[PDB]
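Asks: Before anything else, here's the structure in question.
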Amino acid sequence: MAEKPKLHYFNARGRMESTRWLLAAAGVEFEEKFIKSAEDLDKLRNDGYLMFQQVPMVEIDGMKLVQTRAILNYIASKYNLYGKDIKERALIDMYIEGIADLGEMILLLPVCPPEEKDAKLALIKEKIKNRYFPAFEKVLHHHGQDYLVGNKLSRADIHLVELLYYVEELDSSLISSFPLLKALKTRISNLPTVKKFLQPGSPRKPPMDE
Amino acid sequence: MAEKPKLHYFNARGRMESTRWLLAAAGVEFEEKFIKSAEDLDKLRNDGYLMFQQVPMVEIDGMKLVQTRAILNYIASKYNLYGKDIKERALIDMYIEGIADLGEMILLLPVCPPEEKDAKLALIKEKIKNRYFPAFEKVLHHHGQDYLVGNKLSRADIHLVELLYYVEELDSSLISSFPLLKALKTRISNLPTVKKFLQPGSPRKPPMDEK
């Protein structure tokens, strides 16, 4: 009756990559079904597989889940990565929605024309240095613990470290004045499930033009 | 301590209105502290009240919560409006993230120039009639029950009916072919907590072209 979740998306990062990270960190093997044409997406739509006619969609535990946050919230709860109580979940949600805001800026960074790419990249770097990285460094500095919330691995650590890898692709110097973020990146990357995902041949997807 | 949540935002709907709806529907009295100037927002920032230097912020249960979804998820769980288990939450989350997508289109609808307002409104109406309203009408039709999930009031019913009022403001005819959505709107609007919120004098905020 099927055990591997099935990920319906493109052979690309896009809006599915944070789900790939979370499942891989939880040690969950999954299947991917790549959209490669208009007819592939039209088939999913006509078959009634997409509640709002869009992907990402994940087949898991008998459901056809769409909307990235619905998918991620279910996976996080199922694999005990969403905190131990609703107050831990509140901190996790606050942290990861800030991460989502920065991640969306990076996802939608224009490539063309060059003067627009340059202008938007400059603003993103300002926000990374002055808003987002200080906020997360401060959480880690305030409790001195190895993880963001509850002194235990959660999805917040996984989502943040994923973002740290994208920020490194934009500008490797941006993390340099944030030693607790660098230490978190190292600690999470050394977890055996995450280290496997970082190896060649994993489902981790490459950048578009980096 | 401080039994009433405190909502920090502008005296406007914006990104705080769905929290006002949810707290009011849950029967929870709250306080508001309105940002009326740049100085107000700067004071919140320099006092360390805003994790990412932005509002909405809600003071609740000893936390200074920012990010609308963090605020709403916590309130929904605290007041037992988030279903009974992980699978019900998956359905709720699916539904309300679709609601959030349509709500965002409406929130960001331009007013100017008129031909652009008209063009993007025409796109929103086509998605309401062809994508979003059919999807929620099918949910109610499939199980035949009074509420979206679990045969019991949840945040999904509250968030959907809120959005039904905004769609009504855009075009009162868009719901006409969706009888189950109309019946849900009437049912939720007649719940005593929601009916009270719909009265003049409640914390419900007006549309911007009126304030």
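To be explicit about the labels: the chains of the structure tokens are called A, B, and onward in the order shown, and within each one the residues are counted from 1, while ligands get numbers from 1 in the order they are shown.
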Determine, for each residue of range 13-102 of chain A having at least one atom at most 10 Å from an atom of range 29-51 of chain B, the closest pair of atoms and their separation in Å to one decimal, counting only C-alpha atoms; order by chain and ascending number, as CSV.

Replies:
```
residue,atom,partner,partner_atom,distance
A:94,CA,B:51,CA,8.5
A:95,CA,B:51,CA,8.6
A:98,CA,B:51,CA,8.7
```

Asks: For those residues, write N, CA and C atoms to a file as a PDB file, in the first residue's frame.

Replies:
```pdb
ATOM      1  N   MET A  94       8.112  30.785  14.169  1.00  0.00           N
ATOM      2  CA  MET A  94       8.603  32.147  14.000  1.00  0.00           C
ATOM      3  C   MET A  94       9.953  32.142  13.287  1.00  0.00           C
ATOM      4  N   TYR A  95      10.851  31.244  13.703  1.00  0.00           N
ATOM      5  CA  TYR A  95      12.171  31.176  13.086  1.00  0.00           C
ATOM      6  C   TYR A  95      12.073  30.789  11.622  1.00  0.00           C
ATOM      7  N   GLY A  98      10.705  33.394   9.161  1.00  0.00           N
ATOM      8  CA  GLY A  98      11.743  34.334   8.786  1.00  0.00           C
ATOM      9  C   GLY A  98      12.686  33.730   7.764  1.00  0.00           C
TER      10      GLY A  98
END
```

Asks: Residues near range 161-164 of chain A, anyone? I mean within 9 Å using only C-alpha atoms, not counting same-chain ones fewer than 5 positions away, as a PyMOL selection string.

Replies: chain A and resi 18+21+99-100+102-103+156+169+175+181-182+184-186+188-189

Asks: Choose the residue, out of A:80, A:53, A:37, A:173, that has the smallest atom-to-atom separation from residue 154 in chain A; count only C-alpha atoms.

Replies: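 Nearest to residue 154 in chain A: A:80.
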
Asks: Pick out each residue of range 60-122 of chain B that DSSP on the backbone tags as helix (DSSP H, G or I); I need them as a PyMOL selection string.

Replies: chain B and resi 68-78+86-107+114-122

Asks: Residues as selected, N, CA and C atoms, written as a compact mmCIF listing (two decimals), in the first residue's frame, can you do that?

Replies:
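Saved result, out_37.txt, follows:
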```txt
# COMPACT_ATOMS: atom_id res chain seq x y z
N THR B 68 3.04 36.08 10.66
CA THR B 68 1.61 35.81 10.77
C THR B 68 1.33 34.33 10.99
N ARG B 69 2.04 33.46 10.26
CA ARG B 69 1.73 32.03 10.37
C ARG B 69 2.13 31.46 11.72
N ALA B 70 3.20 31.98 12.33
CA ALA B 70 3.57 31.53 13.67
C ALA B 70 2.51 31.93 14.68
N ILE B 71 2.03 33.18 14.58
CA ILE B 71 0.98 33.69 15.44
C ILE B 71 -0.28 32.85 15.31
N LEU B 72 -0.72 32.61 14.07
CA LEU B 72 -1.98 31.91 13.84
C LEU B 72 -1.89 30.44 14.26
N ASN B 73 -0.78 29.77 13.95
CA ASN B 73 -0.65 28.36 14.32
C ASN B 73 -0.74 28.19 15.83
N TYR B 74 -0.10 29.10 16.57
CA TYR B 74 -0.10 29.01 18.03
C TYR B 74 -1.50 29.24 18.58
N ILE B 75 -2.16 30.31 18.12
CA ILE B 75 -3.51 30.61 18.60
C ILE B 75 -4.46 29.47 18.26
N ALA B 76 -4.36 28.95 17.03
CA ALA B 76 -5.23 27.84 16.63
C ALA B 76 -5.04 26.62 17.52
N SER B 77 -3.79 26.27 17.82
CA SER B 77 -3.56 25.12 18.70
C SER B 77 -4.05 25.41 20.11
N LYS B 78 -3.72 26.59 20.63
CA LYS B 78 -4.06 26.91 22.01
C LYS B 78 -5.56 26.83 22.27
N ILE B 86 -2.59 14.75 13.48
CA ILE B 86 -1.66 15.19 12.44
C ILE B 86 -2.33 15.18 11.07
N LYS B 87 -3.17 14.19 10.80
CA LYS B 87 -3.78 14.12 9.47
C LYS B 87 -4.83 15.21 9.30
N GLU B 88 -5.59 15.52 10.35
CA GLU B 88 -6.52 16.64 10.23
C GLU B 88 -5.77 17.95 10.05
N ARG B 89 -4.63 18.11 10.74
CA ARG B 89 -3.85 19.32 10.53
C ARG B 89 -3.31 19.42 9.10
N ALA B 90 -2.98 18.28 8.48
CA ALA B 90 -2.53 18.30 7.09
C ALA B 90 -3.62 18.85 6.18
N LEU B 91 -4.86 18.39 6.37
CA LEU B 91 -5.97 18.91 5.59
C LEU B 91 -6.20 20.39 5.87
N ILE B 92 -6.24 20.77 7.15
CA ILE B 92 -6.40 22.19 7.50
C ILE B 92 -5.32 23.03 6.83
N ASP B 93 -4.06 22.58 6.94
CA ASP B 93 -2.93 23.36 6.42
C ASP B 93 -3.01 23.51 4.91
N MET B 94 -3.31 22.42 4.21
CA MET B 94 -3.59 22.48 2.77
C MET B 94 -4.61 23.55 2.45
N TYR B 95 -5.77 23.46 3.11
CA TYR B 95 -6.88 24.35 2.79
C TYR B 95 -6.50 25.79 3.06
N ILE B 96 -5.91 26.06 4.22
CA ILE B 96 -5.71 27.45 4.59
C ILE B 96 -4.51 28.07 3.89
N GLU B 97 -3.57 27.26 3.39
CA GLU B 97 -2.52 27.81 2.55
C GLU B 97 -3.05 28.18 1.17
N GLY B 98 -4.04 27.45 0.66
CA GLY B 98 -4.71 27.90 -0.55
C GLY B 98 -5.46 29.20 -0.31
N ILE B 99 -6.16 29.28 0.83
CA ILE B 99 -6.83 30.52 1.23
C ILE B 99 -5.82 31.66 1.32
N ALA B 100 -4.65 31.39 1.90
CA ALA B 100 -3.64 32.44 2.03
C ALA B 100 -3.16 32.92 0.67
N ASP B 101 -3.05 32.00 -0.30
CA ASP B 101 -2.60 32.39 -1.64
C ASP B 101 -3.60 33.34 -2.29
N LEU B 102 -4.89 33.01 -2.20
CA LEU B 102 -5.92 33.88 -2.76
C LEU B 102 -6.03 35.18 -1.97
N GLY B 103 -5.93 35.10 -0.64
CA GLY B 103 -5.95 36.30 0.18
C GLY B 103 -4.83 37.26 -0.17
N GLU B 104 -3.66 36.71 -0.50
CA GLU B 104 -2.53 37.56 -0.86
C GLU B 104 -2.77 38.27 -2.18
N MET B 105 -3.35 37.57 -3.16
CA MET B 105 -3.69 38.23 -4.42
C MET B 105 -4.60 39.43 -4.18
N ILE B 106 -5.60 39.25 -3.31
CA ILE B 106 -6.55 40.32 -3.01
C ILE B 106 -5.85 41.46 -2.27
N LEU B 107 -5.04 41.10 -1.27
CA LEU B 107 -4.30 42.10 -0.49
C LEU B 107 -3.45 42.99 -1.39
N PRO B 114 -6.19 52.65 -13.49
CA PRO B 114 -7.44 51.86 -13.49
C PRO B 114 -7.39 50.65 -14.39
N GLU B 115 -6.72 50.75 -15.55
CA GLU B 115 -6.69 49.59 -16.44
C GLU B 115 -5.91 48.44 -15.83
N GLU B 116 -4.91 48.74 -14.99
CA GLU B 116 -4.17 47.67 -14.32
C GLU B 116 -4.99 47.04 -13.20
N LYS B 117 -5.68 47.86 -12.40
CA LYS B 117 -6.59 47.31 -11.40
C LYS B 117 -7.59 46.37 -12.05
N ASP B 118 -8.18 46.81 -13.17
CA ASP B 118 -9.21 46.01 -13.83
C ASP B 118 -8.62 44.72 -14.38
N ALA B 119 -7.42 44.79 -14.96
CA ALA B 119 -6.80 43.59 -15.52
C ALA B 119 -6.51 42.56 -14.43
N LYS B 120 -5.88 42.98 -13.34
CA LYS B 120 -5.52 42.00 -12.32
C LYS B 120 -6.73 41.53 -11.52
N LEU B 121 -7.76 42.37 -11.38
CA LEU B 121 -9.00 41.89 -10.78
C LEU B 121 -9.65 40.82 -11.65
N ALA B 122 -9.63 41.00 -12.97
CA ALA B 122 -10.18 39.98 -13.86
C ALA B 122 -9.46 38.65 -13.70
```

Asks: Report as an mmCIF file with C-alpha atoms, in the first residue's frame all protein, DNA and RNA residues lying within 8 Å of residue 197 in chain A, evaluated on only C-alpha atoms, omitting residues in the same chain fewer than 6 positions from it.

Replies:
```
data_model
loop_
_atom_site.group_PDB
_atom_site.id
_atom_site.type_symbol
_atom_site.label_atom_id
_atom_site.label_comp_id
_atom_site.auth_asym_id
_atom_site.auth_seq_id
_atom_site.Cartn_x
_atom_site.Cartn_y
_atom_site.Cartn_z
ATOM 1 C CA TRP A 21 16.126 18.390 2.765
ATOM 2 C CA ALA A 24 16.555 13.357 3.828
ATOM 3 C CA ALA A 25 17.487 14.713 7.267
ATOM 4 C CA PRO A 203 18.417 13.723 -4.535
ATOM 5 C CA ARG A 204 19.851 17.138 -3.596
#
```

Asks: So which one's closest to chain B, A:1, A:112, A:128, A:12? Using only C-alpha atoms, please.

Replies: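 Smallest separation from chain B among the options: A:128.
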
Asks: Could you tell me, as a ChimeraX atom specification, which residues of range 10-41 of chain A DSSP assigns to strand (DSSP E) when given the backbone?

Replies: /A:31-34
